[PDB]
Structure formats: C-alpha cells, structure tokens
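Residue numbers (the authors' numbering), protein chains in the order written: chain b, 169 to 504; chain 0, 55 to 544; chain J, 55 to 544.
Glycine included, C-beta positions come from ideal geometry on N, C-alpha and C.
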C-alpha cells in the first residue's frame with residue numbers, strides 16, 4: 169500500500185491535485201463491473217447484505233516532491249532508539265516493583281542519575297546518585313540533600329519519593345550523567361540500615377560489585393533509505409507487560425515481515441496487526457521491534473522512540489505542552 | 055535464429071534525478087546518494103551523472119524503486135530493444151537533460167566543465183523542461199524513445215554478460231530560465247570572495263598540537279602572527295605581554311593576555327603558549343577585527359628572554375626582538391569579483407596537498423589535473439567532484455585543498471584560495487546563523503581545508519549565468535520515469 | 055561480405071544412442087562408452103546425454119563412424135546452417151527424445167532427475183519413437199530439421215575456434231508405452247529392498263585386515279556381532295566356544311567354531327580371530343539364516359580371559375561377559391515398498407564417505423548434493439551418474455556409498471541404505487546365478503560399497519512408471535542418423 173511501490177502496481181489510477189495539474193473536468197469517472205463471482209441474477213435482501221461489491225485501495229502521495237519535500241533539510245532521518253545492549257527488561261508500569269535494566273545470570277543492574285561535576289567515576293559520591301527504582305512515573309528525582317523538602321526520615325522514603333524516571337527528559341537523552349552498575353539497591357538498604365549518617369565516608373567503589381559505566385538509555389541513529397536495502401532486515405511485535413528479557417519474537421512466527429527496506433517494511437504494519445490479530449490492547453499491551461544492519465550506529469535489534477517521548481512531551485503536542493499530559497502520567501513507559 | 059521462448063518485459067520506475075539547494079548548487083548528486091549524508095547537513099547536488107545498467111536496474115529493484123513486467127528467472131538469454139523516458143516537470147526549479155549512447159560513456163574533465171547550465175544550453179541536441187511555475191504544459195511530462203547504444207547490436211546476450219555494460223547515460227543540471235543572469239533579492243552580481251592572504255600565509259602544514267605554525271619561511275627564518283588588544287596605533291609601543299601568539303592550528307581557541315596568568319594555572323610562559331595559544335583563523339583574528347601583527351619573532355627568542363627572567367617583561371618592548379619588522383597583516387582578505395568582467399585569458403585551477411611541511415601554491419601532484427581556458431564561474435563547476443570520481447585521492451575533503459589563479463578580481467593575488475563565509479565568521483559549515491561556534495566534531499579540524507571551501511566555490515559557480523537561484527532553505531526535486539523494453543529468452 | 059570460395063559440406067553417420075538392459079536401466083550411457091567395460095559385465099545405459107560438437111564430430115570421424123561430403127583442408131573459414139536428425143525405430147524397445155540449443159547447455163541435477171521417462175513424457179516439445187513391435191509406421195524413421203543454437207549467428211568462424219562449442223544437445227531415455235505401469239511376468243509392483251540395519255550398523259570404516267569391525271560405538275564402548283550354530287533358543291546358555299566373531303570386513307570368509315582348532319593349525323585364540331574370523335555380510339550371516347548375536351563383548355575381554363586360561367572355557371558362559379546385552383540382530387532387513395503409495399513430502403537422498411572411522415548417516419561432504427522433493431522411484435534416477443559427472447569425487451564407486459531417507463516403506467528406518475540382491479545372496483554383481491561366490495577381483499572389497507548398490511537402486515528406479523521392463527539377458531539398441539549442414543570457406 170506504500171505509494172512508491174503502489175505506483176509500480178499495474179492497473180492503477182493517479183489523481184493529480186489542482187495545484188499539481190489543472191484538468192478540464194476536475195474528476196475521473198469510470199464504470200466498475202460487479203464482482204466476477206456475483207452473476208447477473210436476482211438475490212434477496214439481507215442475503216447479499218454483507219457480501220462486498222467493490223474494494224477500494226487508496227493512499228496519499230506527491231508527484232512533485234517524490235524523493236524529497238522542500239524544507240526537508242536532508243534525507244538523512246534521525247531515529248531515536250532504546251539502547252538494547254543494556255535495556256533488556258520488558259516489565260514496566262509498577263509502583264511496587266523496581267525496574268532493572270537487565271539481568272545477567274541472577275544479578276540485576278540499575279541506572280543511577282547524578283549531578284557530579286567531576287569526570288572521574290570513582291569519586292562520585294553515593295549521596296548524589298538518584299536511582300530509578302520505578303517506571304511509568306514522569307518524575308525527575310532529587311538528591312539526598314533534599315531530604316527535608318519531602319519529609320524524608322529514612323532512605324526507603326528516599327527511594328519511594330526521590331525516585332527518578334530513567335526515561336525522563338533529563339535522563340533519557342543523558343543530558344545529565346547517568347551511571348549503569350550492578351548496585352542492587354538492597355546493598356544500600358543494608359548499608360543505611362547499619363548506619364545512614366555514615367554515607368559521608370561512603371564512595372561509589374564501596375559497592376560489593378564493581379562496574380560503573382556511563383550508559384545512555386537511548387541513542388540517536390542516522391539512517392538513509394537510498395543506502396538501505398532488504399538483505400535481512402525484519403520487523404515484528406513483542407509483549408511489553410511481561411518480566412522477560414530478549415527482543416526475539418515469542419508471540420506468532422506468522423507475524424514477522426522481512427524482505428523489503430525499512431521505509432516500505434514498516435508501512436501499515438501496525439494497523440495490519442490491529443485488524444488481523446486483535447491483540448489485547450495493541451497500543452498499550454505491547455511494542456514493535458525491528459532488525460536493521462544498515463544504520464550508521466547499528467544494534468542487532470532496534471526499537472523506535474518518537475521525538476515527543478524523548479523530549480519529555482505528550483504525543484502530537486508540538487511544542488506548547490512541555491510536560492506529559494494528565495492522562496499519560498501513569499503510562500510514561502516505552503510503549504506503542 | 056530466434057530462441058524458442060520469448061517474453062516481452064518492461065521496467066517501470068521513478069528515478070530521483072537530484073535534490074539540490076543553494077548551499078549544494080554545483081556538486082554531482084549520484085556520488086552522494088550512495089553515501090550517508092549526516093542529518094542537519096544539506097546534501098544532494100545541482101547536477102547528476104547517470105550510468106543506467108541492467109545490474110544497476112536490478113540493484114534498484116532490490117531497493118524497491120521499480121517493477122518488472124515479467125520475471126527473468128530461468129531465462130538467461132536477453133535482448134534489448136530500447137528505452138522510453140518521461141521527464142516530469144519540477145514544481146519550482148528548471149532542469150535540462152541530455153543523453154548519449156556512445157561506446158565508452160566515460161565522463162571526462164571537459165564533460166563536467168560543460169555540465170554548467172549556461173554552457174549546457176549551448177550544447178546541441180538538448181532538452182529543456184520548464185517548471186510548472188515557469189510554464190504550464192498540456193501534459194506535465196516530455197516523452198521520447200531512446201535507441202540502444204549503437205555498438206550493442208540487436209542480437210541476444212547472456213545474463214551477467216551485459217550486466218555492467220551501460221545502456222544509457224543521462225546528463226542533467228538545474229537552472230532557472232526566468233532568473234537567468236540574476237536571481238531576485240540578489241543585491242548585485244558583484245560577489246565577494248574571502249581568500250587566504252597568500253603573500254604571507256604560505257605554509258601548508260596545519261593540524262598539530264606539538265608543532266607550532268609559522269606563516270612563511272624566508273631562507274631559514276620562520277615568521278609568526280601575534281594578536282593584541284593594544285589601543286595605540288603605534289607599532290613600537292605595543293607591549294610584549296599583550297601579544298597573543300598563534301603557536302598552533304586546528305584548535306578553535308581565541309587566546310588570552312599574560313594578565314590572565316592566574317585564571318588557567320600558569321606558572322611559566324611555556325604554559326602560556328600551551329594554554330594561551332590563539333587560533334589565527336579564529337573569528338576575532340581571521341578577519342582582523344582585532345589588530346594582528348606579523349613579525350620574525352621566532353618565539354624561541356621569547357623563550358630565552360623569559361628563561362633569563364620572566365618578570366622583567368615590564369621593561370620589554372616589541373622592538374627589542376632580535377629581528378625587526380612588525381606589520382599589520384590580516385590573515386584573509388575579501389576580494390570583489392564579477393563574471394561579466396572576467397574572461398579566460400590565463401586563469402587556472404587545481405588541487406594541492408594540505409598535510410605537508412612545504413611552501414608554495416604551485417601544483418606538485420598531477421599536471422594532468424590542471425584546468426584553465428574558461429572563466430572562473432564555469433571553470434570551478436563540478437571540478438572537485440570530477441577529481442573525487444577520477445583520481446580517488448587519499449581523503450580529498452580532509453587530505454588537501456583547492457587553489458586557483460585569476461588576475462580579474464579587484465584585489466588580485468597571483469594564486470588565490472577560497473574560504474567559505476562560515477569558516478571566516480567562525481561557524482560550522484551549512485549552519486546558517488544559530489550555531490555561532492564550530493561544532494563538536496570539527497573542534498580538531500579547524501584549519502584551511504576542503505571541508506571549508508564549500509559555500510565559497512559554490513557561490514563562485516552561482517555568480518555565473520544560468521544558476522538556479524532558489525530561496526534559501528528550500529529543496530527542489532526532479533523525478534524522471536524510465537521505461538526499458540526487454541525480451542528475456544531461453 | 056561472403057568469402058571467395060565456399061563448398062557445401064554434409065556430415066552423415068550413424069550414432070548409437072544407448073544399449074541398455076534390465077541390470078543397467080537408469081545410468082548415463084555416454085560416460086560409459088568412453089571407458090572400457092569388462093567382458094561378461096553388462097554395461098551401457100537407459101538414458102544418454104549428448105553434446106555434439108565439431109571437434110566431437112571430427113573425433114567420431116577418426117573412429118570412422120561418419121563421412122564428410124567435402125573435406126575442410128585448407129579452408130579455415132566455417133559456417134553453420136543447421137542439422138537434420140533421423141531417429142530410427144528400435145526393434146523391441148521404446149525411446150523418447152528431446153533437444154535443446156540454449157546458451158550454456160550445461161546439465162544440472164534437475165535435468166537428470168527429469169530424465170526419468172514418466173516425467174520425461176510430461177515435458178513439452180517432446181518426441182516419441184514407437185518401436186516396430188509397438189507400432190508399424192509407413193517410414194521407419196522420424197526426420198526433423200534443427201536450427202543452430204540461437205546465440206550462434208549465421209556468420210563465419212575459424213576452425214578450432216568453434217571446435218568445442220556445442221551445436222546440439224540430445225536427451226534420450228528408454229521406456230515402454232505398452233507396459234507403462236507394469237511389465238508382464240512382474241509378479242507385483244510391491245518391490246523388495248534389502249537395507250543395512252542402520253539402528254545398529256553405524257560404523258562407516260571397513261576394509262582393514264588389522265582393524266576389527268565394530269557395528270556401533272555408544273559413548274566409548276564398541277559393539278560386535280557374533281555368529282553361532284546353537285540349536286537352543288535361549289540366549290544365556292549359548293556357549294562362548296560356539297560363537298564366531300566378525301573381527302574383520304572386506305574378507306568373504308564364513309568362519310568356523312573353536313572345535314575346528316586343529317584344522318587350521320591354531321594354537322591360541324588370537325590365531326582363532328586371525329583365521330576363524332567370519333564375514334558379517336557373508337551369505338550365511340547377512341540374511342541371518344544362522345543366528346547372530348549382537349553384544350558389547352569387546353573381544354579384548356575374551357583376550358584377557360583366555361590369556362588367564364584358554365582351556366577353562368568349558369565352564370565359560372555367554373552371560374559371564376563384563377557387559378550384559380545379547381540381542382538377535384540381523385545385519386540387513388528386507389523392506390517392502392510401493393511407488394503408488396509413496397510421495398515426496400520429506401524423502402531425500404545423498405552420498406556419504408565409506409572410508410572414514412566415523413558414525414552417523416547425515417551428510418558431511420556437500421549440502422549442495424542433497425535431493426528431496428520427488429518420490430523415490432524418480433528421485434534416485436540418474437543421481438549417481440550426475441554426481442560422477444559434476445563433482446568428480448575420489449573413486450565414487452569404491453570411495454563411498456549412497457543413503458536416503460524415506461518414511462513410506464512398510465518397515466521404515468529414518469535413514470535407509472540400499473543393498474543389491476547379489477551382495478545379499480553372496481554373489482558378484484551382474485552374475486545372475488552361475489557364480490555362487492564372489493569373484494577373484496572382489497575378494498578384497500566385499501564390504502558395503504557403491505559397486506554393490508547397483509541392482510537395488512536400479513530396481514528402485516525400475517519400479518516407477520514408464521520403465522522399459524525388457525526380458526532378462528537381452529540388449530536393446532537405438533540408432534540415430536545425423537546430417538549436419540556446413541559450408542567451409544577460405
């Protein structure tokens with residue numbers, strides 16, 4: 169149905185716009201025969217009521233700006249994506265359950281935001297970090313120094329109230345430094361239950377497991393349809409409401425596409441899935457994924473992210489509403 | 055002796071000829087669509103060279119831009135009959151086309167020079183495509199039948215035997231029949247060209263933290279440029295503490311005075327030269343907005359002086375340097391040029407390496423890569439892209455730079471040397487006004503180099519007749535529909 | 055621009071298409087006439103692939119099978135016009151023909167599969183030649199004119215420049231339009247196939263006097279087959295002295311009991327295994343006419359036992375071996391198969407090396423040499439000869455063996471493994487009944503190998519539709535007269 173492949177289809181009909189071309193009569197008229205199965209005999213009411221008589225396929229295009237619009241700075245489209253090398257947990261949307269980016273073996277890993285001005289990773293103080301500990305909540309978090317502001321008496325209240333959104337505008341893009349580690353905040357729980365005021369001498373390296381890496385949640389890929397083909401690229405849906413890792417299909421192997429380049433391959437695929445499979449919620453229940461080796465920055469599996477979600481704004485609100493709307497305050501997680 | 059089974063087969067698809075813009079007016083498109091163009095950087099080209107081959111058509115079908123009327127599977131025999139081209143009218147730009155079917159179909163230096171639109175119209179057997187704005191036709195396309203190449207006879211051939219042989223070569227470029235000799239807001243034809251001041255900037259070795267930059271070397275003595283904030287017009291009273299030497303390139307750093315010693319943790323003047331170094335090409339020094347003094351100082355002399363005593367500079371004057379000569383010399387000058395006042399009695403252009411510690415602007419690479427007998431606005435057109443496609447130099451964009459000789463400017467220097475306005479005003483290329491500083495990527499490449507010639511040589515081309523002066527920030531498309539007739543067999 | 059002197063020249067001669075027989079029904083003839091076929095061994099083939107070239111015609115003239123109307127001496131220029139073929143009717147067999155003149159004329163795996171007569175008739179642009187018995191025509195030959203290859207134009211060429219280029223490719227096979235789905239004495243369609251019992255015979259390393267043969271190796275334990283003459287059905291009371299181990303292959307030896315110690319000058323049980331070894335594939339053990347017991351004995355255990363004491367075996371029982379398990383396992387089983395009950399939902403066939411000490415019947419040589427989606431009676435047809443001509447393996451006949459997978463037999467084993475009736479009944483191939491023992495030459499090759507698959511895979515092909523079931527011991531000829539038109543020049 170994508171227009172550029174649609175024109176190649178035989179027995180087509182183009183309708184030039186009045187701006188593109190001025191015709192003598194502003195309409196194209198044709199006679200269409202009945203379906204070849206339906207003979208020219210008589211039938212009852214409510215016996216041919218639901219039988220289709222004519223099926224119309226239409227799409228929009230522009231014969232003038234075929235390969236490029238006008239203000240289009242370039243063809244060179246930027247695609248935001250989840251950093252799938254470290255964000256592998258598909259279970260979001262729970263106040264009670266903390267969010268771990270990935271689980272290697274039986275150890276969970278977490279992302280921590282900090283405001284440290286020192287580039288060293290070992291001197292960053294444990295008080296300054298702002299753990300995620302949740303999703304679905306567009307909350308930016310705050311430092312341990314803000315203990316008095318939110319009526320905090322213990323670090324448990326800090327994690328319940330001072331939790332920050334990993335996907336928040338100040339952390340999704342890594343505008344502020346964010347550190348991935350194997351901290352397992354239960355370790356900090358034990359440390360401050362032993363003594364919470366002793367954190368003045370607690371350093372980032374004192375955690376039982378080493379590894380403190382600046383890992384951004386999302387990266388901006390650069391892509392180009394003229395440089396992209398279809399030697400192996402593929403796309404499909406995966407559930408977003410399960411506590412399982414990996415981005416492989418587990419739902420329906422009949423709902424995998426492949427042998428077209430990305431700009432064609434994506435076209436109409438979500439709506440097709442909506443109409444054919446009738447999944448639980450489609451929009452809210454799960455998410456779409458693809459595999460494309462033809463981007464400048466490439467990750468075996470990919471994962472779109474609208475610019476609105478990356479810049480911290482509700483969808484389809486261009487610039488005026490800089491914060492997520494009232495309705496989506498309880499759904500701000502990677503979702504269709 | 056026709057084969058047993060034949061099947062008529064057509065190939066129908068839309069081919070995007072070029073997407074051009076003001077900042078990308080005179081570059082070859084078809085070598086840029088294969089390569090990824092970074093976002094927020096205008097690309098494309100105002101002219102394209104097409105070598106349509108059967109393997110190229112199959113590759114296009116892989117990208118899903120065309121269809122086959124009948125598949126060629128298990129029919130190795132092939133037979134070519136001819137092609138039909140439908141040139142669609144662009145909405146707001148004008149393009150002319152021409153096609154050839156000779157034996158070699160090898161692009162040459164003369165062909166790319168002749169690709170410039172005003173000389174392209176003079177070429178015989180042309181075809182103009184008026185834009186819808188320029189003229190409203192009955193049918194918004196020009197259709198013609200093109201015979202196969204005259205060498206390729208009408209016999210049968212194998213698959214992957216005529217795969218790479220060209221069947222049709224298309225030459226296209228953009229123009230504007232209305233604003234032929236001038237755009238509209240074009241204040242005048244009177245184009246300004248920034249150039250390196252080649253009378254004193256003669257060293258071609260940039261891009262080294264360790265090695266200082268000397269503008270020129272006469273005999274065995276090196277000369278250096280120093281920036282100062284002195285408010286006195288006298289050249290002898292300017293204090294030695296106030297000067298800000300260059301001592302480096304490739305670093306967009308503006309420098310600071312000796313009075314700022316405490317700010318950057320400076321204990322010796324060596325730390326001053328390592329940290330307080332300034333870019334000679336910086337926006338506050340390239341244009342000579344602030345005074346800059348050329349001399350034969352040889353900063354090792356100042357090294358000796360302050361190793362003797364650094365605090366004694368309160369009584370050290372500019373004239374105390376062992377070698378005299380302190381001249382206000384701007385790094386770059388703005389020439390005024392006019393294509394109607396310029397001819398081709400001796401002008402010439404060529405490339406020279408930018409990564410060697412040698413002086414002079416003469417060619418030393420390839421005497422076969424010199425052009426001459428056309429005026430500048432024609433002579434430059436497509437010349438860089440020609441060099442990219444033909445010679446395959448090391449990096450082209452980064453390895454070296456282009457130079458010309460033109461006696462027809464108001465201010466004239468035997469050899470010249472473009473400089474895009476972006477590089478002169480201290481901004482990354484193709485960023486119009488918002489990003490006033492060089493980007494993150496080019497912080498380690500801010501030296502005179504081909505990635506900073508772009509807009510200047512493009513404007514030199516643009517000043518010539520027939521250039522499509524479109525509004526800034528808009529992109530113009532040009533689509534062509536191709537129908538190749540084939541007959542698979544076997 | 056015709057040459058100065060031309061001379062019309064024809065080439066007339068008789069070409070023997072194939073001489074087939076029941077035991078040689080589905081092999082390519084034209085690769086066997088070049089090689090010497092030993093006397094008293096039927097040869098030929100039921101189908102032939104012909105690549106008639108000018109050099110081939112000259113070679114035929116060297117053998118004096120044709121004539122030239124006019125000599126080509128001192129006339130290097132050549133011109134081809136066309137060929138006329140006269141297909142003579144065979145006396146008592148039916149053959150169909152087809153011809154192609156494409157560019158490559160390279161035989162493929164699909165072509166040789168499609169060569170089987172019942173699928174060959176379905177091919178378009180065919181030609182049937184009824185036998186004189188089947189039908190009496192007015193003129194006992196079919197004559198047609200065949201155009202030159204469509205790539206070869208009607209221009210002039212040099213000698214030894216078109217010498218090796220094919221001019222005409224002939225595909226032929228034998229059939230019988232009368233007995234299409236069944237012969238005559240054919241008791242039934244219900245063909246019996248002997249096969250190696252692959253559930254326990256899994257070792258592919260045969261043909262070594264020094265190395266003993268183990269049927270299979272589970273983990274690190276080897277299993278062996280033992281023949282005995284015990285008249286008691288109990289498996290635990292069978293005495294250890296009565297067993298006759300294999301301990302070798304490639305030797306058609308039946309073995310003997312420990313009681314025959316004196317006959318062969320045996321002093322120790324090592325001499326018993328060196329001399330009293332028996333062939334597991336021998337006529338009295340392959341079919342399990344005499345009981346044979348599979349076990350995990352590992353004869354080194356018996357070595358230890360008799361080195362401790364050899365005369366104490368009077369009290370040694372079969373159960374005293376360190377590892378239990380004594381199963382009556384026949385080396386080969388007779389499957390029943392039917393082409394009308396067999397399809398192609400998953401069946402497959404391929405070759406595997408027979409001269410390696412490795413287990414399993416999976417392919418490890420070439421995944422490009424697997425066939426599948428045809429029923430067995432088609433799938434096997436011409437496949438060995440195709441492999442001979444295309445891959446040029448080490449020895450084909452002796453180096454390795456063929457295997458298939460077919461779930462459609464009454465008794466079914468994931469992988470299968472033909473075995474000609476001759477090898478199962480202990481006789482040399484192609485010797486019907488007179489020579490009851492393997493010949494002198496094959497005394498040192500009597501192991502499962504391609505030289506013993508012949509009649510079985512041939513019978514599998516024969517069971518299919520359209521096979522010319524001729525009487526045993528008769529040979530059928532098929533002669534074709536070819537007339538090539540040429541024009542020498544110079």
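Asked, Found
"The stretch 331-342 of chain 0 touching the stretch 476-486 of chain 0, judged by at least three CB pairs closer than 8 Å", "yes"
"Local conformation of residue 515 (chain J) per DSSP, three classes", "helix"
"Below-8 Å beta-carbon distance, residue 131 (chain 0) vs any chain J residue", "yes"
"Reduced DSSP secondary structure (H/G/I, E/B, other) of residue 275 (chain 0)", "strand"
"CB contact below 8 Å: residue 430 (chain 0) versus chain J", "no"
"Neighbour list for residue 212 (chain 0) in chain J, Cβ cutoff strictly below 7 Å", "157"
"Any C-beta of chain 0 under 8 Å from that of residue 186 (chain b)", "no"
"Beta carbon of residue 456 (chain J) nearer than 8 Å to that of residue 405 (chain J)", "yes"
"The beta strand (DSSP E) enclosing residue 390 (chain J), as first and last residue numbers", "386-391"
"Contained beta strand (DSSP E) runs [length at least 3] in the stretch 247-334 of chain 0, N- to C-terminal order", "270-272, 275-281"
"Alpha carbon of residue 533 (chain 0) to alpha carbon of residue 142 (chain 0), nearest angstrom", "6 Å"
"Which of helix, strand or coil DSSP assigns to residue 223 (chain J)", "strand"
"Rounded straight-line distance, which links the Cα of residue 320 (chain b) to that of residue 314 (chain b)", "9 Å"
"Enclosing alpha helix (DSSP H) for residue 167 (chain 0) [first to last residue]", "163-168"
"Interface flag, residue 523 (chain 0) vs chain b, CB-CB below 8 Å", "no"
"The stretch 248-274 of chain b: positions lying closer than 7 Å to chain 0 by Cβ", "none"
"Residue range of the unbroken beta strand (DSSP E) whose run includes residue 431 (chain 0)", "Note, residue 431 (chain 0): premise wrong, no beta strand (DSSP E); alpha helix (DSSP H) at 430-433."
"Residue 228 (chain 0) vs residue 525 (chain 0) beta-carbon contact at 8 Å", "no"
"Three-pair Cβ contact test at 8 Å for the stretch 377-386 of chain b versus the stretch 66-77 of chain 0", "no"
"8 Å contact criterion, which residue 453 (chain 0) and residue 407 (chain 0) should meet: CB distance rounded", "7 Å"
"Residue burial classification, residue 87 (chain 0) (beta-carbon count within 10 angstroms, cutoff 16)", "buried"
"CA-to-CA distance, residue 413 (chain J) to residue 273 (chain J), given in whole angstroms", "12 Å"
"Residues, ordered as in the chain, of the stretch 66-90 of chain 0 that lie near chain b by beta-carbon distance below 8 Å", "66, 67, 68, 70, 73, 87, 88, 89, 90"
"Proximal residues, the stretch 109-135 of chain 0 versus chain b, C-beta separation under 9 Å", "113, 116, 117, 118, 119, 120, 121, 123"
"Continuous alpha helix (DSSP H) assignments of at least 4 residues falling wholly in the stretch 69-143 of chain J", "108-116"
"Candidates 109 (chain 0), 476 (chain 0), 113 (chain 0): closest to residue 219 (chain 0) by CA position", "109 (chain 0)"
"When 366 (chain 0), 310 (chain 0), 375 (chain 0) are compared against residue 289 (chain 0), the one with the closest alpha-carbon", "375 (chain 0)"
"Beta-carbon neighbours of residue 207 (chain J), restricted to chain 0 and to distances below 8 Å", "55, 209"
"Collapsed DSSP secondary structure at residue 565 (chain J) in the structure displayed", "With chain J covering 55 to 544 only, the question about residue 565 (chain J) has no answer from this structure."
"The stretch 416-434 of chain 0 touching the stretch 61-72 of chain 0, judged by at least three CB pairs closer than 8 Å", "no"
"Residue 283 (chain J) beta carbon near the ligand ATP (any heavy atom closer than 7 Å)", "Absence of the ligand ATP is noted for the structure shown, with no ligands found whatsoever."
"Under 9 Å (Cβ pairs) to chain 0, residues found in the stretch 177-202 of chain J", "179, 201, 202"
"Any chain 0 beta carbon closer than 8 Å to residue 204 (chain J)", "yes"
"Reference residue 134 (chain J); option with closest CA among 83 (chain J), 440 (chain J), 213 (chain J)", "213 (chain J)"
"Rounded separation between residue 309 (chain J) and residue 301 (chain J) - CA only", "11 Å"
"Proximity test, Cβ basis, 8 Å: residue 237 (chain 0) and chain b", "no"
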